[PDB]
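Before any questions on how it binds or moves, here is one chain, the form deposited in one PDB entry, in structure tokens.
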């Protein structure tokens, strides 16, 4: 990584987000005027310290980011390192979270929802073609490049949990968001590209209903709901939903990863690519709107 002072080359500014051991700031490159997002990742530095990320996990995220180039995945521009942090200069994605943008609309049909879902599928299809599992797919990691344009472009971000799956599975404990992780993550079982497909099922469920399918009243209950595949198309939220949409979701929310729909099959599923007009017109049904997001946020 570049062992120089990032401040010699960039002006940094507004914080855009921060988790544990990472903060993301807006920045501008002095030599070009172009804007980026700078992600400062705290290194733990010593193996016995608990005050940061393993420099090896960082190395993994950077090596994956350097390989990927696709219009629905975030681009890596440059990497700096100082004694305390590794700093990723990333493509700036400023349009906000997809679901926040969708919460502003009065109405959304299934057909409209698939135009955004298809961009997610396209990005994940690229990743899985490279045998890369993202492992942290959830609404907050699905951003918009520009929310004003007629067809906004989706960017998948945050490759902090992403792994190359060269053996078909990896045996590592993944600490993801309970609502969105697959049962094999909850149960500390071997993990593959299939885990992303589960997360896509959860995102799609929310995309049509405004409700979270496995969200329980305690964190452990949510994890148990996931492990038991306990969800329902509650008629309060899925009254309008087409059978094709429910079939697409049903084929992703499957406990056995080997029986789950693949990214390739999901792109060929009739809900995504209708085979006749009867199928296509069933996607005129209502997806999520402004009132469904607020009906479930009321809990």
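Residue numbers count along the first chain shown, from 1. If you superpose the two forms and keep the largest set of C-alpha atoms that fall within 1.5 Å, you have the rigid core.
Coordinates for residue 106 lacking in at least a third of the other PDB entries compared?
Yes, a third or more of the compared structures omit it.
Between 34 to 42 and 233 to 241, name whichever shows the higher mean Cα B factor according to the PDB entry.
According to the PDB entry, the answer is 233 to 241.
Quick check on the record: does 250 to 258 or 50 to 58 carry the larger mean Cα temperature factor?
That would be 50 to 58.
Reading the B-factor column of the entry, which of 137, 174, 154, 133 has the highest value at its C-alpha atom?
That would be 174, according to the entry.
For the listed residues 150, 160, 123, 95, which one has the largest C-alpha B-factor as given in the deposited model?
Highest CA B-factor of the listed options: 150.
Divide the modelled residues of the chain into thirds by Cα B-factor and specify which third, lowest, middle or highest, holds residue 169.
Tercile = middle for this residue's CA B-factor.
Taking the values exactly as deposited, rank residue 104 by C-alpha B-factor within its chain and report the matching third: lowest, middle or highest.
Highest third of the chain for residue 104's C-alpha B-factor.
Going by what the PDB entry lists, where does residue 84 fall on CA B-factor within its chain: lowest, middle or highest third?
Middle third - that is where residue 84 ends up once the chain's C-alpha B-factors are sorted.
Test of reading the entry: by CA B factor among the chain's modelled residues, which third contains residue 222?
It belongs to the middle third of the chain when residues are ordered by C-alpha B-factor.
Among the chain's modelled residues, which third holds the C-alpha B-factor of residue 145?
Tercile = highest for this residue's CA B-factor.
From this point on, the text means the form deposited in another entry, which you will not see here.
If you line up the core, which of 140, 100, 91, 78 has a CA that moves 2 Å or more between this form and the one not shown?
Residue with a C-alpha shift of 2 Å or more: 100.
Aligning on the rigid core, do we see the C-alpha of residue 149 shift 2 angstroms or more between this form and the one not shown?
Yes, shifts by 2 Å or more.
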